[PDB]
Amino acid sequence: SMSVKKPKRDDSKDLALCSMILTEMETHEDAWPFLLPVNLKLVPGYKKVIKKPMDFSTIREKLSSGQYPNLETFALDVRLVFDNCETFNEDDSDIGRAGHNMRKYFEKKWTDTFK
């Protein structure tokens, strides 16, 4: 509360560390469905159904331009990528499986780097 604070967690490396995680996600072999924004002209149903599209290249540009106020807003966009994927893609599809795999890969790196 006013003039009463928990001890200050060092957040000075968060930007660098989120960038490294994002690099590792970018270079994963199952990243291909997620590298670029879904083409809203060429994929019927996507625009209407997926209210907030998100992809790795969009996260990379937001990261590089100081549009994440903190590491939690960064995680929320990464998770959005996978939540969108589950919304639109059957579990038993290449893309559906890609999204589960990448979500797992992400959540481990997140825990190991920050928890």
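What counts and how
Residues numbered from 1 in each chain as written, not as in the entry; some residues may be left out. Heavy atoms only, no water. Residues with missing side-chain atoms left out of burial classes, pairs and counts. Helix = DSSP H or I, 4+ residues; strand = E, 2+ residues; numbered from the N terminus. Contact = heavy atoms within 4.5 Å. Salt bridge = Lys/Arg side-chain N within 4 Å of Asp/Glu carboxyl O. Buried < 20%, exposed > 50% of the residue type's maximum accessible area, 1.4 Å probe, protein only. Axes fitted to C-alpha atoms, helices over the stretch in contact; angles between N-to-C directions. Parallel < 35°, antiparallel > 145°, perpendicular 65-115°, else oblique. Nonpolar A, V, L, I, M, F, W, Y, C, P; charged D, E, K, R; others polar. Patch = residues over 30% accessible without salt bridge, like charges linked within 9 Å, V, L, I, M, F, W, Y side chains within 5 Å. Areas by Shrake-Rupley, 256 points an atom, 1.4 Å probe, with all protein chains shown as cover. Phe/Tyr/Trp six-rings, centres within 6.5 Å; stacked < 30°, edge-to-face > 60°.

- Structure determination for the deposited model, as stated in its record, used X-ray crystallography, and the stated resolution is 1.7100 Å.

- By the naming in the PDB entry, the protein goes by Bromodomain adjacent to zinc finger domain protein 2B and is assigned to Homo sapiens.
- Its PDB record names the entry "PanDDA analysis group deposition -- Crystal Structure of BAZ2B after initial refinement with no ligand modelled (structure 95)".

**Some words on the overall build of the protein**
Part 1 of the reasoning: Within the protein, the secondary structure is distributed over five helices and zero strands.
Part 2 of the reasoning: Helices (α) and strands (β) of the protein occur, in sequence order from the N terminus, as α-α-α-α-α.
Part 3 of the reasoning: Structurally, the protein occupies a C-alpha span of about 55 × 25 × 25 Å along its principal axes.
Part 4 of the reasoning: Pairs at least 24 residues apart make up 67% of the contacts formed inside the protein by residues separated by at least 6 positions.

**What to know about the pattern of salt bridges**
Part 1 of the reasoning: One pass over the structure, following the stated rule, counts nine salt bridges.
Part 2 of the reasoning: A salt bridge links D77 to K62; its shortest N-O distance comes to 2.7 Å. Of this pair, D77 sits in helix α4 (residues 71-88) while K62 sits in helix α3 (residues 56-64), placing them 15 residues apart in sequence. Residue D77 shares its accessibility class with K62, and that shared class is buried.
Part 3 of the reasoning: Salt-bridge contacts for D83 lead to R103; the nearest nitrogen and oxygen are separated by 2.7 Å. In this pair, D83 is assigned in helix α4 and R103 in helix α5 (residues 94-114), connecting sequence segments 20 residues apart.
Part 4 of the reasoning: Here the residues in one salt-bridge network are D83, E86 and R103, joined through shared partners.

**Notes on the packing of α3 against α4**
Part 1 of the reasoning: For the pair α3 and α4, interaxial distance at closest approach is 10 Å and the crossing angle is 170°. Taken together, the axes of α3 and α4 lie roughly antiparallel to each other. Across the interface between the two elements, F56, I59, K62 and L63 from α3 touch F74, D77, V78, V81 and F82 from α4.
Part 2 of the reasoning: Looking at side-chain class alone, the contact of α3 with α4 contains seven nonpolar, no polar and two charged residues.

**What about a nonpolar patch on the surface?**
Part 1 of the reasoning: A contiguous nonpolar surface patch, about 330 Å² in accessible area, is contributed by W32, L35 and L36.
Part 2 of the reasoning: Along the chain, the position of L35 falls in the loop between α1 (14-27) and α2 (46-49).
Part 3 of the reasoning: The class of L35 is partly exposed, set by a relative accessible area of 33%.

**So, the packing of aromatic side chains**
Part 1 of the reasoning: Under the counting rule described, the total for this entry stands at eight aromatic pairs.
Part 2 of the reasoning: Their ring planes at 90° and their centres at 5.7 Å tell us that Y68 and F74 sit as a pair that is edge-to-face. There is no split in this pair, since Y68 and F74 are both buried.
Part 3 of the reasoning: Each ring, one from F74 and one from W110, has its centre 6.0 Å from the other, and the planes form 25°; the classification is stacked. Pair noted here: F74 is in helix α4 and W110 is in helix α5, with a separation of 36 residues, a long-range link.
Part 4 of the reasoning: Residue classification places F74 among the buried positions, given a relative accessible area of 1%.
Part 5 of the reasoning: Ring pairing ties together the aromatic residues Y68, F74, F106, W110 and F114, which thus form one cluster.

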